[PDB]
Structure formats: C-alpha cells, structure tokens
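**Student:**
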Amino acid sequence: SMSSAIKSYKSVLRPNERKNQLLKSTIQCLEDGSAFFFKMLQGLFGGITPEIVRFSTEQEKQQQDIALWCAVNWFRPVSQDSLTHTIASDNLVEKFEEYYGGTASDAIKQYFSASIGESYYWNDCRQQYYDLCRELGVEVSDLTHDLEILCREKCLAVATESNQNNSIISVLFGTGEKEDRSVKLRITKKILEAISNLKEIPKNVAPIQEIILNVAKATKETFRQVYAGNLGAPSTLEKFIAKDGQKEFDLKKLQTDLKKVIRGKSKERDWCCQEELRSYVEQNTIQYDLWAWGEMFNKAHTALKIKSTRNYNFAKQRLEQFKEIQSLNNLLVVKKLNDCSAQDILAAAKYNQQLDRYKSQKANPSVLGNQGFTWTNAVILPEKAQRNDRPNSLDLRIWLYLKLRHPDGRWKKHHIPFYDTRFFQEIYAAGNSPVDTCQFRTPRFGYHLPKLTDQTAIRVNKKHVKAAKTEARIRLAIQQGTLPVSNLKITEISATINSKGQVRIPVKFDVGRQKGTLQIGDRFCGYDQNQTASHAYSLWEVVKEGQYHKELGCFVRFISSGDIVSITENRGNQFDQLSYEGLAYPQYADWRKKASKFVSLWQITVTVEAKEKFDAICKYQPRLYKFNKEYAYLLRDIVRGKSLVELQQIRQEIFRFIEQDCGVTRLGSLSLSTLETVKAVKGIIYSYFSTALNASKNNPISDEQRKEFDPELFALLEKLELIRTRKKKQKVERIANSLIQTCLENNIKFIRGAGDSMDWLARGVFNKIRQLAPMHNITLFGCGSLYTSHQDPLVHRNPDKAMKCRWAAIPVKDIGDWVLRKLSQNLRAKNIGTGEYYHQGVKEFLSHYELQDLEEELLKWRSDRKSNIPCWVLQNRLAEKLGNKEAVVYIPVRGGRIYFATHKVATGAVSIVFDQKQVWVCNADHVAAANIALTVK
RNA sequence: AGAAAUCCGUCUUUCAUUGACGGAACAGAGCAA
DNA sequence: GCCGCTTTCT
DNA sequence: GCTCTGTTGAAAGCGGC
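Next up, the structure:
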C-alpha cells in the first residue's frame, strides 16, 4: 500500500489575559470530565461478563484466558481518587470465584497475590458497577444489555479487540439519524450466499460487481443510496463496486469481509439505559458536546485499557516465573548454599534471583494520567494564514483557532498565537519557488537554506539571534525566490494542549510505497558500535553476476565502508563532535601548568604527594579531554579526607577547573571521554558534599541539606546533569542523522543493526534509527547477533562456520609486557569460546614469524615477575626477521583495530600474505559492520 | 487575530547580531542497578 | 464553496 | 534510563450561510 510516518512540533501558547482565562477554564472542564469518565468507565468495565469477552475473542487466532481478562477488569489497583469499593487483599480470590462462578485459575491467583505500590489500593469494580446501576436507577441486566451492545459495536476496548475511536459518544449519545442496519445485513447475506457457491471463479471483478448490483437491485451509480443509505464512510462493498471491472478478484478476502460485516451487524442497537446514562453524564460533566465528551472518554478509556492489558500479560509472565521457581527448587542444595554438584548450584542461583524478583513485583494500578487534549482542525492553514509581513521582518506567528467554553456554557472559537521557528521553516512559511517542491524544508529532506551575507543586518536582543538568523535565512530564500512550497497537500492540522499551555503539532505524511523483499539492484547496509562507543557502516548491493551468499540466497557485492561522523566547522577547521578528543598535549600547556600549581600544594589520604599521580597522568602525554577526566579523578581523590577550611580552599580550585578555560562546562565534544569527564566532575562534587556533611551509614544526606550547605555548588550539580542529558540526546540524534544521510547519498533501502547485549547508546541509536528510517521509506531490521566482531564476511555460514581472531599492528619498538601477556593468555586460552580463534591466531603468529621455540618457552611464562623471557628478546628476533627496529608486526590481541579478512570487505584494505595465506588487512569495525549487514535473523 | 518570539539542542583554550550544525512528540505504570 | 455538524468505517 | 501500552482519526453527506 502506502507507508506513512509522523513528524511533530512542540511549543507553548501565548494567549492574552481573557483568552488564557477561557483556555484554562476549558481545559479544567475537560480534565474534570475525564476524571468523571474514568470513575464511570471503571465501573462499566467492572460490569463485563465472560460472554462478552468470549464474543470479543472468538476470532482471535491464538487462545486467550477469559477468566484473567474478566479479572483485570473486575479488580484493579487504583489511586484513592478512583477508589470507591475497597476490597481486602485476601478476599480477591473468594469474591472472584463468587462473580465468575468457578475456581480461579493460577494466572488470576498470581495476579491477586502480587504486591501493589504504596498509596495504591485494590478496587472491586463489579461492586462499583452494581452501585452504578443503583445510582442510575436501572436494573443490572438492562445495563448489562447495553454493555454487551457497546462491546459488540467496538465502542469499548474489550481484551484483544481494540475500540473504534471516540465513536462511543456518537453511537450512544448522538442526536442524528442512524443507519438502516436491516438492509445492509440482508444484502450482505444474500451476496455472501450468492458468492460462496459458484460454478466458475472469475479472474476479474466485473461478474461479481454485476452479481452484487443484481442482488441489491441497483446500478453502479445508486449502490451507495441503496445499500448504505448515502450515510457514513464508504463500505468495502461500495469501494468494490467503484473499482475497475478488470482488477484481479480475491474471493477469500471478500468472503472474510462479508463475514465480518454480518457478525458486526447481526444485532441492532436497541438501547435500554440510554437516556439515564445520557442524563448522568450531562449532569456530571457538561451539556452534550461531541468533541468534548470524546476527549474526556478518550483520556479515561486509554488510561484504563492500557493497564487492563498490561496486567493481563503480567499475570501470565508471573505464572511462568512461579513455575520456573518450583522447578529448580531442589531445596536441600538450596539450603546448603544459603548455609555441591554443577548445574544444581547454577539453578539455585537462578532460584534466588527468581524468588527475589517474584517477591518484589508490583502490579500495575489504573491512574487517570496527565495527557493533553486534542483540537481538530486547529492550526490556521498556511495559505489561509494572516501574515502581518514587513519588508525586514517576516510574521513568525502561527495561529490556532480553538473552540473554548465560556462561563455561560456556550462554545465560541478564538485565535491564539504561538511561535515555532522550526514549524515556520519546514512547513508554515509561504514558499514561492517556481519549481522546487519537497515534503519538509530541512537538509535531510533535500533542502538547504541560503547562507547569510554582510547585506543582512540582524539587530535584535541577544537571546533572539539564533531565532532571528533562521528568519533572515528564510526571508532571503523568499527574496531570491528559492523557497520551495510544501507538497504535503495538508487539509487540516490538529493541536494537542495541556494545562501548562504547551502545544504539540503532529504532521502525517506518506513516505512512499512499501518495499518487496530485496530484489536485484536494491542496496542495503549495516552499522555497528565498537567497544569505544563509535559507529561504523558498511554498504552492499544485490547484483546479477556476483558472489553468492547462502544466508541471503542471492549474489552480493561490497560497495564501501566508513565511520559514522558528524562534522561541525569553526572558521574553516573541521571537528567530529562524536569523536573529537580535544587538544594535543603540547597545546594545553597553560591549563596543565595551572593544574600542576594547584596539585603540588596538596596531599592524598597512604599519604603519597598528590603531585606524584599528576606526573603519572602527564607521563603518557594524553589529549585534553582524557587529561581532564583523569584530573577530575585526581581532584576527587584530593577531596576524600580534608577539613572544612581545606575544603574551602579545594572548592576555589574546583570552581576554576569546572567553569574556566577548558572545563566541561565550556569545552568538550560529544565523545565518550567528555561524557565520562562530566560524570567524573559530578562525582567530585558528590564527594565534596559527602565529606563536608560527614556522611556515614547511619547519617543520610538529603539534597535539601546539600543545597542548604552550598547552593552555588548544588547549582553546578544540576547544571552538569542537564549538560549530560542534552549531550547524550544530541549525540544519539547526530548518529542517526549521519547514518540516514549516508543511506540517502547511496540509495540504501535497508538497514541492519543490533536490537529488538545492550549499551545505553547502542539501544538509543537503534530506537532513533527505527524512528527516522521509515520517514525516508528505508526499512530497518534488527539482528541480535553477538559474534559479529569475529565472523569472516562472505565466508561465515557460507556455507559453514568460520571465525578468526582480531589482530593489531605494533611497531617493533612498542613491544612490552602487555604483548607477551596477551600472547601467553590466548595460547593458554583453550575454552574462552572466542579463545580458539585467538589461540590459533597466536599459533599462526608463531608460524609466520618463525618463533616456535618461543612457544615452548612462553607456554609457562608471562608471570608477574620471575619466570619470564626478557621483554627485548622478541624485539631483537623480529627486527632480525624484518631488518628494521621500527617495523609493523601483527599480534593477535583481544580487541585490535585490524581484522584478517578473506575478501576485500573494507574500504582501503590491502592484501598481504600471512602464514602462507593471502588475506586483506581490513578495519575490524568495518568487518563487524559488514557481518551485521550480511546477517539474516 | 494581538509585533512579537530563541520550538528544543550541539560543537570550539576560536562562543560567533553573516560561525558551522542536529532533532516526531507526549502520558502513565512497571522495571534495573 | 466554507463551516460545523452528523454518521459509518472491517 | 530501560520496556510496556497507548495517543496525536478517516471518510462521506447535510444544511445554513
């Protein structure tokens, strides 16, 4: 069909005094109505029966537990706002058996036995339903009749069956003329029988169209009047009559649709308790308005049904946990362990975890919530806009036009403005380009704003320049006549608003037509994050003459590889925000020198000299952000054991280190080193507070006390937390953008990554890509492969398993204890799982470099101090075998930057001969990316 | 319909009134250290 | 034709 | 910060301006 995504915009409304009063009054009215609907629907759902759940689950192609579905609606935890019939924790099972008329199964019994959070209490909603029948003044069975009708019309969400939308309002409380269900049902059954037994199934639809028209006794131009009475959205039959008489015919689909229609319209909607319900609602909320009652019902109904479903699934999950508890419960080895064979002990560990988890589990209470309300057709259309344009200042106002309820009770529409530079740039500004047309005016969708000149004078407040600049750019795009017009064919836009006046603007758009299972010409790719939180991508193409992959079942071709990178320029100098590690050691001499000045005068409490570790830090000549991380750790050490006066002196030092010249608050990229430096600095302040207040086990320190002692430093605590939040969000968005633009520049249509082994950043990037890719008709899949770091591309599972260890390149000089340590470990590693490959890499290293006498020496060696070969013998031999004392040597280390690939699967790879085997020196991150691209899970 | 407004953010010993750039969002509940 | 209302829609 | 379960309606006619 047609695939569709959603972009959205967010801002805050700016009403004048009177319209703000009206808006607040209207939102409060809707919130009170939603609360009433929550309390009411709680009882309504408590009134359901096993018959209703049986009807709403009958066609569900996997069997459902009806008793549990009745439970999660009859008894639920609630806040004391909705608590009306408190039931004790121990009469849940008894009174459920009373209601249902049978023994409660184990799933429901687990649902009742689970803990509930503090301030949440169990509510018996069936007793509430009985009191609802009393308060309405109607019989219990009459309201049950209307409840069955409502659940059959999909006016309510019953277990697996979703609700129509807010159509309950129109169906039950509506004032217009309803359909004529008898005619629809009769025509539908007649055509169903006339189609179920045919002598010849056609290949087109014209014969079936004529059959339908003959049965209903109408023409192609009168069927809507005859069948639907010219009322409502077009039916399936109406769209079937309307279509071309040459299209393929799908008998099974039409039969299924007719059966659905017959099941839905078998019984009419003759009510019993309609008018009492309407009077109840109108007396309790407001006079009848379809939109307002719809909003109240939507809020309440969603809040209830999400918890109903969640608790249903939670009971079954808890039952499985309970069963797996009572399987590993060997009960004497358990007691010995808590006071000897292999898997009994491991199962006992699983048992401890499981029992702890089972004990702690809380059930999900039903809370009304704090969602906003949506106005339909609220934004004034861009071509309908009222623009007080100026020759040097465009009108940056977007106007809503919302109905508000006045204190008299009458509704009236009003205009309320708001500002969003993004919504103005992408959609709402008046475009005039003669030719150009794009969905959204933003670089990822193909449009770049013109850059600014010395002819553009931006003279505004300082806190507006970033906004003003964009306006200037947009205005320039109009002056040159190059601002594209939005091709979204927008007819109406809704707006969601909360009690704080925040507005959310959703925009839905078609992204293209759905894909079809990787034909020839379709390019795909993969990405992977390495150990240092850096991502790499590898592109591939399906080709005609090429190399076959058993997993994919087609011929594939490597295109290129690369690293995911987001570059910002600064007076011509480029910076990769995702990886920039700061200045080089000979560039921040003054910063390090001031730090040395401070650190010389102090000690660490065993006493040391505290300048000792500082010089240790400087030994390796690290870059600025690595230096800053380690020096934050140093300051944290220097704080651990000091006095109040000493702390004051230290505090003067901390404030400079954080706030001045290179501190994390002024300098720092989006790299892992900066993100860890921020955490280290926060730890500095946390230790300062722990020492100043002299905390202990039995001395808690509430943040109230921390702010009371030092407000100006708790300020930095929140400020650094905010910096961390913003940095991480920016980093995830930039990674997703970089990958998406890499795909766009290359006609990539499929991405493969890791997800649904979970980093915070890997998980976040996977979710962000899953969000962004559909917007460009790019298909994302998720492979949970764990061996991607060692698989050999185009060889692993083509047709058989093939892994190789990961290698590293070292010049002859920098060979030391860390080399022979890995050599001896991997040679000794014969069980590590990924240790066979590293052993075999060590042996290949020995065979290639002709050092087999040293393997006999090294099998015992690599000790802490004594039974080692000296750490220059191997230097001398390898130089003697290469002829130079600075020469690249390949060593199989765990986590190296080099992989030995069979095929050229990384950009810039070169071929060499290792152990009399030809091989390509590839970038191991690119190899992992390629392995991810070629996985089929 | 009311001349104002950074929609939310990032980089740089460079902090910029022509520096270069990034982003579907929201609610509740549960969980994990 | 615009606006606000109704209804049904698989 | 994880997930979990959801939302941000679609499509037609009618009658009064």
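Residue numbers (PDB author numbering): 0 to 338, 411 to 676, 685 to 835, 851 to 1031. We treat Cβ as the ideally placed atom computed from N, Cα and C, and that holds for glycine.
Using 8 Å as the cut-off, can you tell me whether the region 859-877 makes contact with the region 573-586, which would need three or more C-beta pairs spanning the two stretches below that distance?
**Tutor:** Yes, the region 859-877 touches the region 573-586.
**Student:** Is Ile168 buried or exposed, if buried means 16 or more other CB atoms sit within 10 Å of its CB?
**Tutor:** buried
**Student:** From which residue to which residue does the alpha helix (DSSP H) around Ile926 run?
**Tutor:** Premise fails: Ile926 is in no alpha helix (DSSP H) and is neither H nor E.
**Student:** Does the separation of the CB atoms of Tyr98 and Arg125 fall below 8 Å?
**Tutor:** yes
**Student:** For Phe629, does the three-state DSSP call read helix, strand or coil?
**Tutor:** In this structure, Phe629 counts as strand in the three-state DSSP scheme.
**Student:** Only counting the same chain, and skipping five residues up and downstream in sequence, which positions put a Cβ closer than 8 Å to that of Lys975?
**Tutor:** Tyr943 and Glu944
**Student:** Cα-Cα, which of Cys625, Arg458, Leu754 and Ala1018 is closest to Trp854?
**Tutor:** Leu754
**Student:** Identify the residues that DSSP records as bridge partners of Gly832: which are they?
**Tutor:** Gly876
**Student:** Taking residue 843 as part of the alpha helix (DSSP H), name the residues at either end of that continuous run.
**Tutor:** Absent from the coordinates is residue 843, which sits in the stretch where the chain moves from 835 straight to 851.
**Student:** What residue range does the beta strand (DSSP E) around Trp482 cover?
**Tutor:** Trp482 to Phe489
**Student:** So, for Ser570: in the same chain, excluding its five sequence neighbours on each side, which residues have a beta-carbon less than 6 Å away from its beta-carbon?
**Tutor:** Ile26
**Student:** For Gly597, which beta-bridge partners are listed by DSSP?
**Tutor:** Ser609 and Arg831
**Student:** Which residue spans inside the region 947-1027 form an unbroken beta strand (DSSP E) run of at least 3?
**Tutor:** 982-985, 992-995, 1004-1008 and 1011-1017
**Student:** Near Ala666, what residues of its chain come up, given a Cβ to Cβ distance below 8 Å and the 5 sequence neighbours on each side ignored?
**Tutor:** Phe693, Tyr710 and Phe736
**Student:** What residues in its chain sit with their C-beta under 6 Å from that of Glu294, if we drop five residues either side in the sequence?
**Tutor:** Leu29 and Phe444
**Student:** Do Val450 and residue 1079 count as a contact pair if the criterion is CB distance below 8 Å?
**Tutor:** The chain is shown from 0 up to 1031; residue 1079 falls before or after that span and cannot be answered.
**Student:** Given this structure, state the Cα-to-Cα distance separating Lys6 from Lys579, to the nearest angstrom.
**Tutor:** 6 Å
**Student:** Which runs of the alpha helix (DSSP H), 4 residues or longer, sit entirely within the region 218-274?
**Tutor:** Secondary structure in the region 218-274: the alpha helix (DSSP H) runs of 4 residues or longer, each lying completely within the stretch, are 222-226, 235-241 and 250-263 in chain order.
**Student:** When DSSP labels each residue in this structure, what does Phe111 get in the three-state scheme?
**Tutor:** helix
**Student:** Looking at the unbroken alpha helix (DSSP H) that takes in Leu91, where does it start and where does it end?
**Tutor:** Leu91 to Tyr99
**Student:** Is the beta carbon of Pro986 less than 8 Å from the beta carbon of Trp901?
**Tutor:** yes
**Student:** Just the C-alpha distance for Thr492 and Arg594, rounded to the nearest angstrom, thanks.
**Tutor:** Straight-line Cα distance between these residues: approximately 36 Å.
**Student:** Which term fits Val71, buried or exposed, when burial requires 16 or more other beta carbons within 10 angstroms of its beta carbon?
**Tutor:** buried
**Student:** Can you check which of these residues, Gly517, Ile630, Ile211 and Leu672, is closest to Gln254 by C-alpha distance?
**Tutor:** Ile211
**Student:** Using only alpha-carbon positions, find the residue among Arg262, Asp647, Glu220 and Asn162 that is nearest to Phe54.
**Tutor:** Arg262
**Student:** Report the three-state DSSP secondary structure of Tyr619 (helix, strand or coil).
**Tutor:** It is a strand residue.
**Student:** I'd like the span of the beta strand (DSSP E) that includes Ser3, first residue to last.
**Tutor:** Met1 to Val11
**Student:** Considering only DSSP beta bridges, list what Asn641 is partnered with.
**Tutor:** Beta-bridge pairing links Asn641 to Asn644.
**Student:** Would you tell me roughly how many angstroms separate the C-alpha atoms of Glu237 and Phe222, rounded to the nearest one?
**Tutor:** 7 Å
**Student:** Measure the CB-CB distance between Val936 and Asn920 and report whether it falls below 8 Å.
**Tutor:** yes
**Student:** Where does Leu475 sit, in a helix, a strand or coil, going by DSSP?
**Tutor:** strand
**Student:** Would you list, in sequence order, the uninterrupted beta strand (DSSP E) runs of no fewer than 3 residues that lie entirely inside the region 113-160?
**Tutor:** Unbroken beta strand (DSSP E) stretches of 3 residues or longer found wholly inside the region 113-160: 119-123, given in chain order.
**Student:** So is the beta-carbon of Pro505 under 7 Å away from any non-hydrogen atom of the ligand SAH?
**Tutor:** With respect to small molecules bound, the structure shown includes none, and the ligand SAH cannot be examined in it.
**Student:** Between which two residues does the beta strand (DSSP E) containing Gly583 stretch?
**Tutor:** Note, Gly583: beta strand (DSSP E), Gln573 to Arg584.
**Student:** Taking the DSSP output, what are the residues bridged to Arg719?
**Tutor:** None, per the DSSP bridge assignment.
**Student:** Quick check: the region 968-982 against the region 1003-1014, are at least 3 beta-carbon pairs closer than 8 Å?
**Tutor:** no
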